[PDB]
$ cat run-v9.pdb   # PDB, C-alpha atoms
ATOM      1  CA  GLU A  17       0.000   0.000   0.000  1.00  0.00           C
ATOM      2  CA  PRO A  18       2.093   2.916  -1.280  1.00  0.00           C
ATOM      3  CA  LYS A  19      -0.431   5.427   0.079  1.00  0.00           C
ATOM      4  CA  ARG A  20      -0.002   4.180   3.634  1.00  0.00           C
ATOM      5  CA  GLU A  21       3.767   3.809   3.120  1.00  0.00           C
ATOM      6  CA  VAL A  22       4.088   7.457   2.128  1.00  0.00           C
ATOM      7  CA  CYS A  23       1.553   8.819   4.572  1.00  0.00           C
ATOM      8  CA  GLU A  24       2.948   6.813   7.495  1.00  0.00           C
ATOM      9  CA  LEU A  25       6.273   8.573   6.963  1.00  0.00           C
ATOM     10  CA  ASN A  26       4.749  12.019   7.434  1.00  0.00           C
ATOM     11  CA  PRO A  27       3.685  12.507  11.054  1.00  0.00           C
ATOM     12  CA  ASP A  28       1.007  14.961   9.966  1.00  0.00           C
ATOM     13  CA  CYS A  29      -0.324  12.614   7.324  1.00  0.00           C
ATOM     14  CA  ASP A  30      -0.221   9.696   9.732  1.00  0.00           C
ATOM     15  CA  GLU A  31      -2.038  11.740  12.359  1.00  0.00           C
ATOM     16  CA  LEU A  32      -4.711  12.611   9.820  1.00  0.00           C
ATOM     17  CA  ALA A  33      -4.916   8.953   8.805  1.00  0.00           C
ATOM     18  CA  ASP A  34      -5.549   8.058  12.433  1.00  0.00           C
ATOM     19  CA  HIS A  35      -8.759  10.001  12.027  1.00  0.00           C
ATOM     20  CA  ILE A  36      -9.844   9.454   8.444  1.00  0.00           C
ATOM     21  CA  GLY A  37      -7.762   6.545   7.194  1.00  0.00           C
ATOM     22  CA  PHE A  38      -4.792   6.485   4.871  1.00  0.00           C
ATOM     23  CA  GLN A  39      -6.656   6.886   1.594  1.00  0.00           C
ATOM     24  CA  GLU A  40      -8.398  10.076   2.670  1.00  0.00           C
ATOM     25  CA  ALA A  41      -5.335  11.334   4.501  1.00  0.00           C
ATOM     26  CA  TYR A  42      -3.108  10.659   1.506  1.00  0.00           C
ATOM     27  CA  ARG A  43      -5.605  12.365  -0.793  1.00  0.00           C
ATOM     28  CA  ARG A  44      -5.695  15.452   1.417  1.00  0.00           C
ATOM     29  CA  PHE A  45      -1.886  15.492   1.703  1.00  0.00           C
ATOM     30  CA  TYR A  46      -0.730  14.285  -1.717  1.00  0.00           C
ATOM     31  CA  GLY A  47      -3.706  15.101  -3.946  1.00  0.00           C
TER      32      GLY A  47
END
$ encode --input "run-v9.pdb" --output "C-alpha cells"
Amino acid sequence: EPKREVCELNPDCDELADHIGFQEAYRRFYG
C-alpha cells in the first residue's frame, strides 16, 4: 500500500490517517 507507506512517513499525514484513514489522509496530503 504505497499510500499508507508514504503517509505513514509524514507525522502529519499519519495523524490525519488516524482520524480518516490512509486513503483520505493521503488524498488530502498528496492530492
$ resolve_selection --input "run-v9.pdb" --expression "the PyMOL selection byres ((chain A and resi 18) around 12)" --output "NGL selection string"
:A and (17 or 19-25 or 38-39 or 42 or 46)
$ axis_aligned_box --input "run-v9.pdb" --around "range 19-26 of chain A" --padding-each-side "3 Å" --output "AutoDock Vina command-line options"
--center_x 2.9 --center_y 7.9 --center_z 3.8 --size_x 12.7 --size_y 14.2 --size_z 13.4
$ residues_around --input "run-v9.pdb" --residues "residue 41 in chain A" --least-positions-apart "2" --cutoff "8 Å" --atoms "all atoms listed in the file" --output "PDB file with C-alpha atoms, keeping the file's coordinate frame"
ATOM      1  CA  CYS A  23       1.553   8.819   4.572  1.00  0.00           C
ATOM      2  CA  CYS A  29      -0.324  12.614   7.324  1.00  0.00           C
ATOM      3  CA  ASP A  30      -0.221   9.696   9.732  1.00  0.00           C
ATOM      4  CA  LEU A  32      -4.711  12.611   9.820  1.00  0.00           C
ATOM      5  CA  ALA A  33      -4.916   8.953   8.805  1.00  0.00           C
ATOM      6  CA  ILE A  36      -9.844   9.454   8.444  1.00  0.00           C
ATOM      7  CA  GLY A  37      -7.762   6.545   7.194  1.00  0.00           C
ATOM      8  CA  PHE A  38      -4.792   6.485   4.871  1.00  0.00           C
ATOM      9  CA  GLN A  39      -6.656   6.886   1.594  1.00  0.00           C
ATOM     10  CA  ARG A  43      -5.605  12.365  -0.793  1.00  0.00           C
ATOM     11  CA  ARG A  44      -5.695  15.452   1.417  1.00  0.00           C
ATOM     12  CA  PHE A  45      -1.886  15.492   1.703  1.00  0.00           C
TER      13      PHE A  45
END
